[PDB]
Every structure is written in C-alpha cells, then in structure tokens.
Amino acid sequence: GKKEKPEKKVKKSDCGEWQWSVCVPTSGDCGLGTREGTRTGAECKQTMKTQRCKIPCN
Amino acid sequence: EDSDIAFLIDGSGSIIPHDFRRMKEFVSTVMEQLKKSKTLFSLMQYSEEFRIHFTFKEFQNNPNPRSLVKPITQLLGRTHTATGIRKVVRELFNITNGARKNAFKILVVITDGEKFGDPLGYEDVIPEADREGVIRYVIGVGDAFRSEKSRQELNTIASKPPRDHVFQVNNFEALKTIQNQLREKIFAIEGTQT
C-alpha cells in the first residue's frame, strides 16, 4: 500500500461551483434565450449571473 | 454597426401635455448619455396611429436629439403598443431606414396605460421581435401599472428576465432617477464580475 489517508483537511476554493442552467428560449419560432447561475456559501456572497443565449434556427 | 436604439413613446390622451414634456426631456437626456460614435437612434410615437419622428438614417445626419425631440407633439387617442412595436421591428429597424445589420438592436417602450383597443396582441408581435434578436426594456408610468396583473404585460413587452428589463415609475418627473440604471443596463452587454 501507500498510507492510510482519512480526512486530513478540507479543500478551500469557493463555497461551491457555479450553477449551469440550460438555454431556455423565449420564442419557439426562433428567439432569444436566457441563463442564470448563482453562487452561495458561508463567506461567499450571493453572486448572481444572467446570460443570454441564441437559437440556431436550424 | 455598434447598436441601434429605438425609443417608443406613448401618445395616448391620458398623458397631459406637461407630463408629455417630461417624457421628451427623458428621451433626449437619455439619448445624449447614450450617444456613441456608431450608435444611432430612432423614435416612433403611438396611440391608435403611428408617427415616426426620425429614423437612424437621419439621426446620422443630425446627431442632435434635442432638435429632433423638441418639435414632437402629442397624437391623442388610446394605446396600440402591440401594433406599434410590430412596426418598429419591420420599419424602424429596416435597412432602408438607416438600421444597420449585425448591430445590437435595443428597444425601449414608455407607456402610461394598459393596451386598449389594439387589434393585435403581444403573442403576434413579441415572438417576432425575439427572432430578429431585438432586446427590449419597458418603463411603466402611472396607476395602470400598480397591479401585478398589469405588470405581467410589461414582462411580455420586455425581454427576460423582468427583474432586468422592467422599470416602474410613479410619475414622469421621477424618470430622471431611473436614467442611471437604464444607462448602466443598456451598456452591459454581458454579466460582468465584481
């Protein structure tokens, strides 16, 4: 073996990863789309992100 | 090339000439702080009929909003914001009217009352504007937008999310206070970081 390794220490980084939403269109017959992701945590503040998607119209 | 911003002001008979003045003060002041080197403006007034005051092609010749907004008079009538925005996407944002292709097109609507007497609905107009990629912002002014049932129509005129494209004001004078947020949210092409 190598060495028994239990919970030595927790990882830092952000309080969590970013939320990945799907591109929900506004119009079926081609239109704009939106996306929103939020980040929360103990010390991490409520970070909000709102992006815009585009329909391919294939 | 940069952006094509069109202003849609209501000319209904409910708005008094003194308040209609506050509206033209707003659009001209907003037009100035948003006057870029590749940004053109267009404005169409609506009630039951529609009157274009200036298109992007002529704003390029005369980039002074105060001289094109000053001679603007009221039309008087009811509200036809549905058929109005429809004409914007087809006429105001038309290439032959000075509208550029591949340029960011943003539309702002200022109304005081719920759509009454309009033969067209939002379902027959909005999905069209969404296709061409025209992003909208709406400003609610008056008692007509104090109820959440009326606010819904504002959320239909503007683009999602409503908490980003829907502004509400109690009086035409208080429009000066929303000029700041409008300017920032119209320049924000994407969600920046802190």
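Residues numbered from 1 in each chain as written, not as in the entry; some residues may be left out. Chains lettered and ligands numbered in written order. Heavy atoms only, no water.

What the deposited record gives as its method is solution NMR.

A. Quick look at the overall build of chain A. Counting secondary structure elements, chain A contains zero helices and three strands. Listed N to C, the secondary structure of chain A is β-β-β in terms of helices and strands. A globule of 58 residues ought to have a C-alpha radius of gyration of about 10 Å, yet chain A, at 19 Å, is considerably larger. Its C-alpha atoms put chain A at 60 × 35 × 10 Å along the principal axes. (Helix = DSSP H or I, 4+ residues; strand = E, 2+ residues; numbered from the N terminus. Rg over C-alpha atoms; globule rule 2.2 N^0.38 Å.)

B. Molecular detail of the pattern of salt bridges. Residue and element names in this part refer to chain B. Using the criterion set out here, one finds 23 salt bridges over all chains in the structure. Between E25 and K176 there is a salt bridge; the shortest N-O distance is 2.6 Å. Placement of the pair is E25 in helix α1 (residues 17-33) and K176 in helix α8 (residues 175-187), with a sequence separation of 151 residues. Exposure remark for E25: the relative accessible area of 30% places this residue in the partly exposed category. (Salt bridge = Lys/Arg side-chain N within 4 Å of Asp/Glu carboxyl O. Buried < 20%, exposed > 50% of the residue type's maximum accessible area, 1.4 Å probe, protein only.)

C. Spotlight on the interface of chain A and chain B. Across the boundary between the two partners, chain A contributes 15 residues, which contact 19 residues of chain B. When chain A packs against chain B, the two sides together hide about 1300 Å² of surface, and 48% of this comes from carbon and sulfur. On the chain A side of the contact with chain B, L32, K49 and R52 of chain A bury the most area, a combined 44% of that side's loss. Put simply, chain A and chain B have two salt bridges between them. (Contact = heavy atoms within 4.5 Å. Buried area = accessible area lost by both parts, 1.4 Å probe.)

D. Spatial organisation of the UniProt feature "disulfide bond" in chain A. Residue and element names in this part refer to chain A. Where 2.5 Å serves as the upper bound for a disulfide, the S to S distance of 2.0 Å between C15 and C44 confirms the link that UniProt reports. Of this pair, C15 sits in the segment before β1 (24-25) while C44 sits in the loop between β2 (32-39) and β3 (47-54), and the two are 29 residues apart along the sequence. Looking at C15, the relative accessible area reads 34%, which means it is partly exposed. By relative accessible area, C44 is classed as buried at 18%. Between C23 and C53, where UniProt annotates a disulfide, the S-S separation is 2.0 Å; being under 2.5 Å, the link is counted as present. In this pair, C23 sits in the segment before β1 while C53 sits in strand β3, placing the two residues 30 residues apart along the sequence. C53 sits in the buried class, given a relative accessible area of 12%. (Disulfide = S-S within 2.5 Å. UniProt positions renumbered as here; feature names shortened; annotations may be inferred.)

E. Quick peek at the sheet that holds strand β2 (residues 39-46) of chain B. Residue and element names in this part refer to chain B. Ordered by their spatial adjacency, six strands build an open sheet running β3-β2-β1-β4-β5-β6, and the pairing between neighbours is mixed. Sheet topology places β3 (50-54) and β6 (166-169) at the edges, where each strand pairs with a single neighbour. Strand-to-strand twist in this sheet, taken as the mean axis angle between neighbours without regard to direction, amounts to 20 degrees. As paired elements, strand β5 (residues 135-141) and β6 share four bridges and run parallel to each other. Across the sheet, residue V141 finds its bridge partner in β6, namely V169. Sheet contacts for α1: β1 (3-10), β2, β3, β4 (104-111) and β5; angle to β1, the most-contacted strand, approximately 175 degrees. (Pairing = 2+ DSSP bridges. Axes fitted to C-alpha atoms, helices over the stretch in contact; angles between N-to-C directions.)

F. Looking closely at a positive patch on the surface. Positive charge collects at one region of the surface, where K5, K8, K9 and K12 of chain A lie side by side. Within the fold, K12 of chain A resides in the segment before β1. (Patch = residues over 30% accessible without salt bridge, like charges linked within 9 Å, V, L, I, M, F, W, Y side chains within 5 Å. Areas by Shrake-Rupley, 256 points an atom, 1.4 Å probe, with all protein chains shown as cover. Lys, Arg positive; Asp, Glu negative; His and termini not counted. Charge placed at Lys NZ, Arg CZ, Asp CG, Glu CD.)

G. View of empty space enclosed by the protein. Applying the stated criterion to the full structure yields one cavity of 30 Å³ or more. If you trace the largest cavity, you find it lined by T26, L32, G33, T34 and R52 of chain A together with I135, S159 and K160 of chain B. When residues of the lining of the largest cavity are assigned to their parent elements, the largest contribution, three residues, is made by β2 of chain A. Looking at side-chain class alone, the lining of the largest cavity contains two nonpolar, four polar and two charged residues. (1 Å grid on protein atoms, 1.4 Å probe; cavity = no way out; pocket = protein on both sides within 12 Å on 5 of 7 lines; lining within 4 Å. Points joined across faces, edges and corners; volume = space filled by probe spheres on them. Nonpolar A, V, L, I, M, F, W, Y, C, P; charged D, E, K, R; others polar.)

H. Region of interest: the state of the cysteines. Residue and element names in this part refer to chain A. One pass over the structure, following the stated rule, counts three disulfides over all chains. Note that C15 is cross-linked by a disulfide to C44, the S-S spacing being 2.0 Å. Its torsion about the S-S bond being 85 degrees, the disulfide of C15 and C44 is classed as right-handed. Note that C30 is cross-linked by a disulfide to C57, the S-S spacing being 2.0 Å. Of this pair, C30 sits in the loop between β1 and β2 while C57 sits in the segment after β3, and the two are 27 residues apart along the sequence. Once the disulfide-bonded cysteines of chain A are ranked by sequence position, their pairing pattern turns out to be 1-4, 2-5, 3-6.

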